[PDB]
Amino acid sequence: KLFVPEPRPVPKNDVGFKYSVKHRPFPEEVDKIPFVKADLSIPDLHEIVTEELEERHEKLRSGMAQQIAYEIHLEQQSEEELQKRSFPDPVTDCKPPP
Amino acid sequence: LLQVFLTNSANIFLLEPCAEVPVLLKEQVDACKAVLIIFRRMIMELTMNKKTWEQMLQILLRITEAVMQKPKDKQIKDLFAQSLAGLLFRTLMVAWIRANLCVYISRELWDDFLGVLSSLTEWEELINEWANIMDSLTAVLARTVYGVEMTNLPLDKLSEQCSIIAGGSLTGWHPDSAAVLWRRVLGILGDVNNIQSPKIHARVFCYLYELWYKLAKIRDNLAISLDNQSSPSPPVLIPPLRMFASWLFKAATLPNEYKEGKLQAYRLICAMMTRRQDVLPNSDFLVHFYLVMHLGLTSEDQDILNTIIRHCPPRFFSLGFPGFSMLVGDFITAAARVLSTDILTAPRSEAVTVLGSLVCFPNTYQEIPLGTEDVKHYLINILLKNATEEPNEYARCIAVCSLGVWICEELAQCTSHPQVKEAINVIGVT
Amino acid sequence: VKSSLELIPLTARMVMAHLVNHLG
Amino acid sequence: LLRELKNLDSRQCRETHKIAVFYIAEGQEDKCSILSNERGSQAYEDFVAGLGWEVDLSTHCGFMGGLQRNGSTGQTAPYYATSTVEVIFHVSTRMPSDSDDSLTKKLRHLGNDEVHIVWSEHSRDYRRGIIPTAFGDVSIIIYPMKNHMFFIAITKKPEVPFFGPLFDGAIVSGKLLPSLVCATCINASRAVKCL
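Protein sequences appear in the order of chains A, B, C and D. Going by the authors' numbering, the letters in the first sequence line up with residues 1003 to 1100, in that order. Going by the authors' numbering, the letters in the second sequence line up with residues 511 to 671, 912 to 1120, 1133 to 1192, in that order. Going by the authors' numbering, the letters in the third sequence line up with residues 1339 to 1341, 1367 to 1387, in that order. Going by the authors' numbering, the letters in the fourth sequence line up with residues 1631 to 1825, in that order.
So, in structure tokens, the structure goes:
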């Protein structure tokens, strides 16, 4: 008779372990020690910007904010499209030739 | 007795300089060498209280500040100063480490040590000794705070197959003491970018890259199942991979006299940001990284482009860092610029791999500020030019494969782009 | 860039046979 | 003459290829849990569904590639064949692994293949040596990304020359992933055989 392929198995999304912990480079007992003048050798990011790059810094910040909004919108539309589609995706489901 | 001995013997280093190298300078050097040898002998096989430690540290600091405070001579190259400093730096650093791990040290002494070391950052031997002591401290930290041996590692095997300084009363290597000691010794030189000599800057940044590589190896080696039967949960303590970035970002804006340092900083930051990130970086850090990358890619020196492209695989795109769209256009322009040049040492393979990696972004990322049709036209023009001009077989093969992938994408999305026929013609002639 | 039967007859015969047999 | 005729009839008449497909879930870094998976993500199932139709092993008259009729090695498997090329996938999420002997059989079946499609949603990069095997000269690795995009990384032995239409570090969308992956695997198998 005709060749009818077997149905695909149903998948389950919740597979595998999930972890949500807090990472600290040093134990909390270290934080109790007061800082000395040697601990300030590495400058903070606040002081790393000079007067010649302030306008550039502001322009990059605004551009990055715009890009974040754009990427959030694209993520929303992509997840909506994904939830619209069904499991047996016709555009990429391989089937025997007639 | 030993206190008054060291106080009285400190005068031998403060001896007047001699104008006769063969005999007077040789005798003074030998005497100072003997004194520093007995100092090193007594610093390890003897016990002492905090007053003796403070006196010894003060004597060493005064000797170092006095004997090395003659930079006004340029045509005179007497071996006296360097010959003493080569051992004096090591002795001072070892004594400081031992004193810190043995007894409490006041913060004023720490500040004096930091100042006297920062004011004398123009000597290369000091840099070498700092590098060696930092290597030893990092090995100790890896052995202690993370429970990982540097000599043998699970990855290495697979390849083969309260503290007194913290306010307590415990003496020895402990997670509290080792961490603060390593953090404090890291910034002894002060802000590195204040260093004047470009060679010293390059040496320091090369060692910094080596240090980051060791830290990354330690981080990767962590959380590995030796029995290959159960995956352990990731530990709550991880090495701080992205800690030196504050130095790198400032080193990236230095003038052209520090070109080698800028290249090393670019390599380090690019290798740092191209791996998996355990914790999402903050917004300000991302802004700084994007700004420095944008400045680097749109530079004029070809060495800058070669360094920033040769070490930046599309894994950076794969990481999905927020707001990285502008980097798409910047990387396209950088790849075009590097492939226009015909120097055979340029990273052609990496350039074409990066160029072909972005081949699907414009279609899925419609209406990106960095037009979509204009960007696609520019990218396809560059691809067509590369497919018929690359002198390296590997680059040409990658270009042809990327062109085929682009053709497949255009057909799948049904763009009806007129450039498809030209790509088909290019394939046919090949 | 910088840079035992003959296979072609056997391949030609196989291609001709395959086209004659399985085409359509 | 009878023996020689039987031997001649035993030989295949098309191009046969054998491919192993794995699956990695978040937080899995050991052989036991990686080989004990019985189901995958929706994207993984869709991707495997795009590599060919399903064939019942009980009454399949085509290529086998070491599989068995009794159902011990699984009941269904993807199948893609053409006028001259036939490919069968040893998907690791279809073979039951409810016992230690089943694990040994699955390992000895998957370890004899020369091409691995190591899907990986893990938060850490895939490492060579997690799944021991003498073969495995080509190991295509897929890392899912945002906006339905995908990342493809290829690790090959030094002896194997450039083979595939997918360069290392290529980024492809979801629509092109099955066709490109299948073609790359076929070309890799051809290169390994020609080696």
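Each residue gets a CB set at the ideal place from its N, CA and C atoms; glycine is no exception.
Assignment of beta-bridge partners to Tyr1709(D) by DSSP yields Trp1683(D) and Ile1718(D).
When only Cα atoms are considered, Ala916(B) and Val604(B) end up about 19 angstroms apart. In terms of Cβ geometry, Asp1743(D) and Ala1650(D) form a close pair [threshold 8 angstroms]. When C-alpha distances from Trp1683(D) are compared across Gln1079(A), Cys1096(A) and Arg1087(A), the shortest belongs to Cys1096(A). When C-beta distances to chain B are compared with 7 angstroms, the residues of the segment 1644-1666 of chain D below that value are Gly1657, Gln1658, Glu1659, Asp1660, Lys1661, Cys1662 and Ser1663, in chain order.
At a cut-off of 8 angstroms between beta-carbon atoms, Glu1077(A) makes contact with chain D. In the same chain as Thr517(B), and ignoring 5 residues on each side of it, the C-beta atoms closer than 8 angstroms to its own belong to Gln565 and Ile569, in chain order. The beta carbon of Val1017(A) does not come within 8 angstroms of any beta carbon belonging to chain B, so the residue lies off that interface. Contact of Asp1041(A) with chain B is assigned, a C-beta pair being separated by under 8 angstroms. Shortest Cα-Cα distance from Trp932(B) to any of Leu535(B), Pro989(B) and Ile1093(B) involves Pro989(B). Non-local C-beta neighbours of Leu534(B) in its own chain, meaning closer than 7 angstroms and more than five positions away in sequence, comprise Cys528, ordered along the chain. The CB of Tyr1773(D) comes closer than 7 angstroms to the CB of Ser1068 in chain B, given here in chain order. Counted as a single uninterrupted DSSP element, the stretch harbouring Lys1786(D) is not any alpha helix (DSSP H) but the beta strand (DSSP E) occupying residues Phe1780 to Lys1786. DSSP lists no beta-bridge partner residue for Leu939(B).
Residue environment: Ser1043(A) is assigned as buried (16 or more neighbouring CB atoms within 10 Å of its CB, all protein chains considered). Residues of chain D with a Cβ closer than 9 angstroms to the Cβ of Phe1089(A) are, in chain order, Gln1672, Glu1675, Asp1676 and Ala1679. For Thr1103(B), same chain residues with a beta-carbon under 8 angstroms away, outside a window of 5 residues either side, are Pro1063, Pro1064 and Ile1160 in chain order. Collapsing the DSSP output to three states places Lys1636(D) in a helix.
If you look at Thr1646(D), you'll find it in the beta strand (DSSP E) that goes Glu1645 to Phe1652. For the pair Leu1632(D) and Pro1100(A), the Cα-to-Cα distance works out to about 37 angstroms. For the C-beta of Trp640(B), not a single chain A residue is nearer than 8 angstroms; the gap to the nearest is close to 12 angstroms.
According to the DSSP assignment, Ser1769(D) belongs to the beta strand (DSSP E) that extends over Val1768 to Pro1774.
Collapsing the DSSP output to three states places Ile1144(B) in a helix. Between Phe1765(D) and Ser1068(B) the beta-carbon gap is near 27 angstroms, outside 8 angstroms, which marks them as no contact.
Looking from the CA of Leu1055(B), the closest CA among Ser1090(B), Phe1039(B) and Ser1075(B) belongs to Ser1090(B). For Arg992(B), the closest C-alpha among the options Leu602(B), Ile1186(B), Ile553(B) and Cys1020(B) is that of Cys1020(B).
Taking CB atoms only, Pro1153(B) has a neighbour in chain C less than 8 angstroms away.
For the segment 1017-1031 of chain A, residues whose beta-carbon sits nearer than 9 angstroms to a beta-carbon of chain B comprise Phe1019, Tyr1021, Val1023, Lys1024, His1025, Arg1026, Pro1027, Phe1028, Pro1029 and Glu1031.
Under the Cβ criterion of 8 angstroms, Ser919(B) is not counted among the residues facing chain D.
Residue-level contact by beta carbon fails for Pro1791(D) and chain A, as no gap is shorter than 8 angstroms.
Per DSSP, the beta-bridge partners of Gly1018(A) are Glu1656(D). If you compare the alpha carbons of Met1043(B), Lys949(B) and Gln538(B) with that of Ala591(B), the shortest gap goes to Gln538(B).
In this structure, the beta-carbon distance from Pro1011(A) to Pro1098(A) does not fall below 8 angstroms. Looking at the DSSP output, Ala1800(D) bridges to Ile1782(D).
At a cut-off of 8 angstroms between beta carbons, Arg1754(D) contacts chain B. Comparing C-alpha distances from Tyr1040(B) to each of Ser628(B), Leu630(B) and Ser1075(B) shows the shortest one belongs to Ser1075(B).
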